[PDB]
Structures are given as structure tokens and as C-alpha cells.
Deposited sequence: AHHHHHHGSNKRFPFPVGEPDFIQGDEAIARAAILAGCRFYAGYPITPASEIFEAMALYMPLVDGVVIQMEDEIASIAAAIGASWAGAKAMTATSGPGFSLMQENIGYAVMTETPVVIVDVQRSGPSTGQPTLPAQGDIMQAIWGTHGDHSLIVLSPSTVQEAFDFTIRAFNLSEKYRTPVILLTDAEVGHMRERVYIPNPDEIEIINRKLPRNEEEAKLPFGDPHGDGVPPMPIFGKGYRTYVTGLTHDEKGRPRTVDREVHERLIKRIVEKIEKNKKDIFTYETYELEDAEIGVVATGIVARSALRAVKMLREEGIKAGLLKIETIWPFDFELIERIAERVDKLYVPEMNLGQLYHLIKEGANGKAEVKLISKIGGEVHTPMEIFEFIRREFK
């Protein structure tokens, strides 16, 4: 009994795909605030969630926003928050905390400029205090935003960890085609710091996920994969370093275009054990890479 179309193609935005995906995954607690460009995730939840006997909690404070979800999670709910920019910085203690408690919870960081951007890749990985491991996923299309949100809620439960869906304003706002399956076509997974880290890092084979098929060629993520279309980075963390190694050997140079000053780049160069030149095509300040721009540069 879902208040949106299921079992059929539809044309939705990112924020809406996420908000639909979450609900089908089992999430009946959302805690957030209307802020651009997450405020559409909010509106969708605010619209849909009361009609599925779920609850939306409009919290002022990002600190409070994430804490309420950790709290709903512990009282049994599947739960999510959503934020942007320096809000995401505010949530790092409670995220860190959710790591140690092995709390299932999903966080959406909708990246932004000031207009998409890709400058929270490292903070998504290392912003927590201490030794920790959590999962970070990066959607390149509106269909991936739908699918990864499902996967996030599934991973969050299976590995009893927070999951970060790391996206951008453009994927979030741009309308595209999403096939939304019927409820029962969807597998949903029901419900010291050495095992915590190993929980994640020893299972990259299950949690890591990449797209790329050019075995006969001489790497990006998010809204920059679509304009670079190539190695597709979907699972940002835990990160398969060896895979980048194997690909280093089989090619001459590895171009890493990002909307930052080098973050995805670093993991690539550390991945490529010297066995290929690694270069960054950085654009920042608003526009995604136009494919002519990535084109020329190479």
C-alpha cells in the first residue's frame, strides 16, 4: 500500500528516488530539516511517510537530527537523516558514536557548492574521531540513488553499521528514468574496535562495487561519471586498493576527474602502486565537467 508508483518505470528526481527507495526498504523514521538540496528529500518524506504509518521529525539541529535517528534505531526503527555541507561536519561525533555502538542508520550527505560539488569524499571516510570503519556509496544516476539507498539500508543492517550515501545537488535535482520494482521483488535484510574495523574492511568483496568493462583501453564517481562517460566508483569506502593496482598495470595513465582539489585522486594514486601515472582533472566552482573539457585535457 505505497502512496507512489511501484512495479513500473517512472521519471523522478534524485531526492525523490532516495525518498521512495528508503520507504520501500523499510524506513519509518526520517529526521531532518529542509535545506537545499536535501529539503526535497524532506518534502518527499513529509509527504509520503505519514501515509505509510512512519514519522518525520523536523529538527533544527543537525546534531539533534542524527541523534534522534540513532535513538529511533535503538528503539527498533529503520532510520535516516540527510544533510549538506557544514551540517555534515556537525554530525561527525554522533556518526563516530554510531560506529562504536554498531548502530544501523543511514545518512545522506548531499554535496554542494557555496550547484553540485564533490568536496566531502575524504570527510565521509575520515571525519569520525578514532579508528572506525563505515560504508560510503556514491550514486551516478537517479536509478542508482534509488538502488543504493536500498543497498545502504541493507548494508546498514547486515553489518550493523551506519551507511553514508554520498551524493550531490545535481543527481539530487535532475529528473531521470527509474524502474521502481514491486515490494516483493526487493530483498530487504531484517534486523572491540578491532572487529568493528574488520567487519567492514575484511568484506570489501561484498561491500565494494564498481562499474567498468574496458579491458582494451590505454576513473570518476557521482555526477562526474556521467560526464566522463572509464572506471566507475560506486562504493567509496571500504575501498578496493588492489583493484586499482591491477588496472594501473594494464594502462598507461589514469585520469581522475573530480569536482574538488583532489580526494578521489589520492586513493587512486595510493591504489596505483606506482604502476601508472595518475592525474586529476579538477573543476570546482559550479558546473560539472562538460565532456568536452574532460575530452580535451586527455
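Residues 1-11, 126-132, 210-265, 293-296, 308-321, 391-395 of the deposited sequence have no C-alpha coordinates in the model.
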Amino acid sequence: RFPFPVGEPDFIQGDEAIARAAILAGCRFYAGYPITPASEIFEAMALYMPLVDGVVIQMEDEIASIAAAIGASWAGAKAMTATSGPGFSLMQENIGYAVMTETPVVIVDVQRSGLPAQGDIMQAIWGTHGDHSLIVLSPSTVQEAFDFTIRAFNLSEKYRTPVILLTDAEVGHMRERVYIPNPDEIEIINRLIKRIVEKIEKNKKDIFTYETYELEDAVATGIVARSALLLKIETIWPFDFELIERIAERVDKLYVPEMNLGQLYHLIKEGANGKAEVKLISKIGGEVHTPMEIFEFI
From here on, numbers count along this sequence of modelled residues.
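The PDB entry reports B-factors from which the mean C-alpha value can be compared for 286-294 and 19-27; the larger average falls on 286-294. If you average the C-alpha B-factors over 179-187 and over 163-171, the higher value belongs to 179-187.
If you compare the C-alpha temperature factors of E214, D147, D120, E102 in the entry, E214 comes out highest. Looking at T36, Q263, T235, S65, the one whose CA carries the top B-factor in the deposited record is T36. Annotation for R195: CA B-factor lies in the highest third of the chain's modelled residues. The PDB entry assigns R226 a C-alpha temperature factor belonging to the highest third of its chain's modelled residues. Per-chain ranking of the deposited C-alpha B factor places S140 in the middle third. Sort the chain's modelled residues by C-alpha temperature factor and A69 lands in the lowest third, per the entry. Annotation for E201: CA B-factor lies in the middle third of the chain's modelled residues.
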